[PDB]
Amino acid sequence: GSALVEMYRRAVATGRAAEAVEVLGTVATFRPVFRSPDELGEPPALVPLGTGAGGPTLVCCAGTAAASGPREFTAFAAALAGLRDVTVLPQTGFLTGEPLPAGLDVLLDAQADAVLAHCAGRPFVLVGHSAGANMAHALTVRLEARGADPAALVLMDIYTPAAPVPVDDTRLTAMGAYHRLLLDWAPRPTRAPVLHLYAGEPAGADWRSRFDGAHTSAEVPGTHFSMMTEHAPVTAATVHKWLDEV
């Protein structure tokens, strides 16, 4: 494949990933952007994965990795069938044709718009995993700045950016660009209550996800990755029962 694809493949296998992502970010500064929500053509499309349960919808914010999107939430939603409805909010710019946000704030406004519409005045819960946790958080505070108070925010294995599968150039430059958007991220408070879930087992050779100011902070079995696949039933039930209380 493309020279950008080969570079990313070889950089992960050779410890040069942080270098590859920085290069992708500069390539991404050559990409068409959108400066206002009104430029997208259509608002960010929300992708339902499990419906038919009533109650608030869980809006699951995709992460900022390359193979991010609805697959992150497939097993989480399958386990939540009947109990809670899962809809995914993709990150604009990972798919061909889509422009990148000119900055974080244009993106969150477009996202705030798309969500509030999709939810036709009903209570909804915001959810994210690793980078999607930062994205769900930034979007929750921007929603709160608008007075739209999300019912609750579920942050799953969130870390601070400044202190931590076939793919294509759009996804890879989208990741480079979204990394740049998140460099400044800081854990500003939210009125919406925060359920923090952190992995129970490290993912390779204290390393835990930490979030101060959380309403509940519970460990769940598995690794940074497997908590959302193999142990998604356990992660699901944790969120499901914890929502039944707040």
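For every residue, the number given is its place in the sequence shown, counted from 1.
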Task: Unresolved deposited residues in the interval that joins residue 147 and residue 148 - done: none
Task: Unresolved deposited residues in the interval that joins residue 205 and residue 206 - done: 4 to 9
Open item on the list: On mean Cα temperature factor in this entry, is 139-147 or 71-79 the higher one?
Closed with: 139-147
TODO: Give the stretch, out of 60-68 and 187-195, with the larger mean C-alpha temperature factor in the deposited entry.
DONE: 187-195
Task: Residue with highest C-alpha B-factor in the PDB entry, from 54, 48, 44, 32 - done: 54
Task: Criterion, highest CA B-factor; candidates, 163, 88, 156, 175 - done: 163
Task: Ranked C-alpha temperature factor of residue 36 among modelled chain residues, by third - done: middle
Task: residue 93 - which third its CA temperature factor falls in, relative to the rest of the chain - done: lowest
Open item on the list: Sorting by Cα B-factor within the chain, modelled residues only, which third would residue 131 end up in: lowest, middle or highest?
Closed with: middle
TODO: Classify residue 7 as lowest, middle or highest third according to the C-alpha B-factor given in the PDB entry, relative to its own chain.
DONE: middle
- [ ] Could you say whether, by C-alpha temperature factor, residue 220 belongs to the lowest, middle or highest third of its chain?
- [x] middle
